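This document opens with one chain alone, in structure tokens, the form deposited in one PDB entry.
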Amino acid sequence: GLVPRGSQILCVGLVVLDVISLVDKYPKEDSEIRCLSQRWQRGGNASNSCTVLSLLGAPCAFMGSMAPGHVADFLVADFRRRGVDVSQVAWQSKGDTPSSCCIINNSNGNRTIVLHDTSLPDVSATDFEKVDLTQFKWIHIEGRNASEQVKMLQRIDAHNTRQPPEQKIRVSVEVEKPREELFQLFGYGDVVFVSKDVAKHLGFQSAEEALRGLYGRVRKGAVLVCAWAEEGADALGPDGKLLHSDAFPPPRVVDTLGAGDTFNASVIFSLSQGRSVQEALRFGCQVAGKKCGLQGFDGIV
């Protein structure tokens, strides 16, 4: 159906079916064990951020690769249950829709993960070339196939060149995985999110160190953002002024899975509403904190 021009927030990235099993003891190889509880959850960074944007009251869309089948069916029904627009999915003829299997041991909190395979082709620059960008006010790209995503980012830049400042599509990039190919993505977007994990891998021992160490890698005018879990989040822009927000931890932590994606979606949302970077940092920390005391995404607002 009709989507008003410059009304949606697009998130480009991964969707995965997460099968979480909670066990009394880790299974011995070649055995059958009854788990205590099992959950099927739609995951992925871009995927999780869409859930949060819908719950925040933002019209949003997901762009990512899926293969026709029963896994895709579950994921599409889950996206739709969360009011996520799924018209821009890159339907693939080869490969499996990603599925991960998580075994959580009760006696110690240990997590064993059998990650999805590599068979599914990622969204390409040619796939993205075919997208009418006019319905999007904001485009968020989760760093994966960087050389392709760079061409996608060059296409949004080309678009904005022909646009009055109010019809300009805002852009954000996420560098969450400590893979060198992704570090070229720092030079793209108005907002650049860098994970604690990536920063630590580059030798940075704090969000301040990471922002001061990596700011020279961003495009002119860009805002570099780094959330450091329960130590709050920092942002740094062209004025050279480091901004900080403390974390808003819940009275009891229940579920941290997707807290970072809650932060990213909330920062994007607050900025898209015309709020300052300081206000967006505080808001992202508040929503992220609220999420940590909740199972899943229900009740974050």
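Take the two forms, find the largest set of C-alpha atoms that superpose within 1.5 Å, and that set is the rigid core. Just count from 1 along the sequence shown to find any residue number.
The discussion below concerns the form deposited in another entry, not included here.
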Handout entry: Entry of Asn145, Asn160, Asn106, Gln184 that shows, once the rigid core is matched between this form and the one not shown, a C-alpha shift of 2 Å or more
Key = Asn106
Problem - Cα displacement of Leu242 between this form and the one not shown reaching 2 Å, rigid core superposed - result: no
Exercise for the section: Indicate whether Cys292 shows a C-alpha shift of 2 Å or more between this form and the one not shown, with the rigid core used for the fit. Expected result: no
Exercise for the section: Return yes or no for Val277: a CA shift of at least 2 Å between this form and the one not shown, with the rigid core superposed? Expected result: no
